[PDB]
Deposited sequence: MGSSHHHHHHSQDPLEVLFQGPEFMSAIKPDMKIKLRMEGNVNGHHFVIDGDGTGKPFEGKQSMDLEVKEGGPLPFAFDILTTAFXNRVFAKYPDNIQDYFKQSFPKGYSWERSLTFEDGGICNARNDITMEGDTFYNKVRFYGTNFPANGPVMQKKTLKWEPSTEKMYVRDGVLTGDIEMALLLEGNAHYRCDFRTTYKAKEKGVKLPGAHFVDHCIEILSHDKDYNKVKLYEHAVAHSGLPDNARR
């Protein structure tokens, strides 16, 4: 099906407001992406609350599954959600008891996706890798997409690589909901993801972020 609303080159604008372990912040994003290649990049700037007193990496997956290369034999719920858009809500449950809830309301105005992002985190141990800024990157992942009680859901076993050859596990569950009624739910499938901070200044007040995502049947 031809997607009139999804241009090969799209702009991306974003505002995140959040609070992690009591620390408030606002972060702006300006980016571009190629929905049919499953690739996007974004320049992020912390606008309030910097220097952030926790690992920037916990935030990065909150900075849109439109940017995923879908084969023709899998229903692309995300590209089919436009022009009206969709929203998602995600739990990030970390192995040491830290917990985040993130939400994004995604709209489209012309060639630009807009993102209203909220990020709440709590219960991170003060001595843990998040509050001590010991993370290096997220490992590449595979999201399992399926319908759970009528709602499109993505589950991911994620891991942050830490300093010293260690990993720090986090389980994602994301629910995805189109704004238009009657958008056809897809069959179960997978999305491979790789997210990377390409560059950052010393205290992560400015960050360049990149993601590549590809859907597959199994």
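Novice: Missing C-alpha stretches, by deposited numbering?
Specialist: Missing C-alpha atoms (numbering from 1) occur across the ranges 1-22, 86, 242-248.
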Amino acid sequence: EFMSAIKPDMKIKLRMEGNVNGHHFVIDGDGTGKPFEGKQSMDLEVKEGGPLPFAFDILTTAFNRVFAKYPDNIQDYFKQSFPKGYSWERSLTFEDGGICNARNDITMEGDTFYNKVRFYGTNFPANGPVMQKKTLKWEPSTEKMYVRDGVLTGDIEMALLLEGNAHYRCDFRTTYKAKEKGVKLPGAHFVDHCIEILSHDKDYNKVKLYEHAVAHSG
From here on, numbers count along this sequence of modelled residues.
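Novice: Can you let me know which of the two, 34-42 or 54-62, has the higher average C-alpha B-factor in the entry?
Specialist: Stretch with the higher mean C-alpha B-factor: 34-42.
Novice: Using only the Cα atoms and their B-factors as the entry lists them, report which of 151-159 and 177-185 averages higher.
Specialist: Comparing 151-159 with 177-185, the higher mean C-alpha B-factor belongs to 177-185.
Novice: Among the candidates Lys134, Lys137, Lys84, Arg103, give the one with the maximum CA B-factor reported in the record.
Specialist: Of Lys134, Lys137, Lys84, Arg103, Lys84 has the highest C-alpha B-factor.
Novice: Take the CA temperature factors straight from the PDB entry and tell me which of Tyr114, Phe124, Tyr120, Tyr146 peaks.
Specialist: The listed residue with the largest C-alpha B-factor is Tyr146.
Novice: Taking the values exactly as deposited, rank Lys208 by C-alpha B-factor within its chain and report the matching third: lowest, middle or highest.
Specialist: Lowest third, going by the recorded CA B-factors of the chain.
Novice: Determine, from the deposited record, the chain-internal third of the Cα B-factor for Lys202: lowest, middle or highest.
Specialist: Highest third - that is where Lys202 ends up once the chain's C-alpha B-factors are sorted.
Novice: Looking at the C-alpha B-factor of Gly164, is it in the lowest, middle or highest third of its chain?
Specialist: For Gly164, the deposited C-alpha B-factor lands in the highest third.
Novice: Going by the recorded CA B-factors, say which third of the chain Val20 sits in, lowest, middle or highest.
Specialist: It belongs to the lowest third of the chain when residues are ordered by C-alpha B-factor.
Novice: Splitting the chain's C-alpha B-factors into thirds, which one does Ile12 fall into?
Specialist: Tercile = middle for this residue's CA B-factor.
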